[PDB]
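1. Experimental structure below, sequence on top.
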Amino acid sequence: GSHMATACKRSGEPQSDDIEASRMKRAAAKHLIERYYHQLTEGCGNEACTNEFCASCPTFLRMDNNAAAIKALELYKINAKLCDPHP
Ligand SMILES: [Zn+2]
C-alpha cells in the first residue's frame, strides 16, 4: 500500500523503522546548527555582527537557505563564531 500502519517490535518493520530513530540523534546537533543556519541567511540583530559567516553584517550580505543549511553543517563541525554566545 502507501504506508505500513505499524510502530512495534518482533514484527516485519520496514527500513524506515531506523529513519525515525536516527533523526533524533542528529536533531540534537540541529539545535546548535540552527544558530549558524539562521545567522547566514536570516541574521542575528547585533551591532557587532561583523562576522565572515553572517547576514546581519554591517555590509548587509547573505546567502540562500540551501547555501546556509550546508554551510551551517560546516560551521557546526568547526564551531564557528556566533553573535549570540553564552558567558
Ligand atoms: Zn551576526
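-> Happy to help now that I have it. Numbering: from 1, shown residues only.

2. Going by C-alpha atoms from here, please, whenever you check contacts or count neighbours.
-> OK.

3. Could you show which parts of this protein are in contact with the ion?
-> Residues of the chain found near the ion (CA under 5 Å from the ion) are 44, 49, 54, 83.

4. What about the residues you listed, which one has the most neighbours?
-> Highest neighbour count within the residues of the chain next to the ion, by other CA atoms under 10 Å: residue 54, with 27 neighbours.

5. next helix or strand past the longest helix seen in the chain?
-> With secondary structure taken from DSSP state H, the chain has its longest helix at helix 16-41. Downstream of helix 16-41, the first helix or strand assigned by DSSP states H and E is helix 65-78.

6. List of residues touching that next one?
-> The contact list for helix 65-78 (CA atoms under 8 Å, 6 or more residues apart in numbering) reads 32-34, 36-38, 40-41.

7. Of the residues you listed - the most surrounded one?
-> residue 36 (29 neighbours).

8. close enough to count as contact, that residue and residue 82?
-> Yes. Under the criterion of CA atoms under 8 Å, residue 36 makes contact with residue 82 at 7.2 Å.

9. Go through the residues of the chain and report the one nearest to the ion.
-> residue 49 (3.8 Å; CA to the ion).

10. from the chain's centre, how far out does stretch 20-36 sit?
-> Mean-position distance between stretch 20-36 and its chain equals 7 Å (CA atoms, centre = their mean, to the nearest Å).

11. So for that stretch, what gets flagged as buried?
-> 30, 33-36 (16 or more other CA atoms under 10 Å).

12. Kindly report the same for stretch 47-61.
-> So stretch 47-61, judged by 16+ other CA under 10 Å, has buried residues 49, 51, 53-57.

13. Could you dump these into JSON lines and include distance to residue 2?
-> What follows is the buried residues of stretch 47-61, written out as JSON lines (distance: CA to CA, whole Å):
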{"residue": "49", "distance to residue 2": "48"}
{"residue": "51", "distance to residue 2": "47"}
{"residue": "53", "distance to residue 2": "42"}
{"residue": "54", "distance to residue 2": "42"}
{"residue": "55", "distance to residue 2": "42"}
{"residue": "56", "distance to residue 2": "44"}
{"residue": "57", "distance to residue 2": "47"}
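
14. Brilliant, that's me finished.
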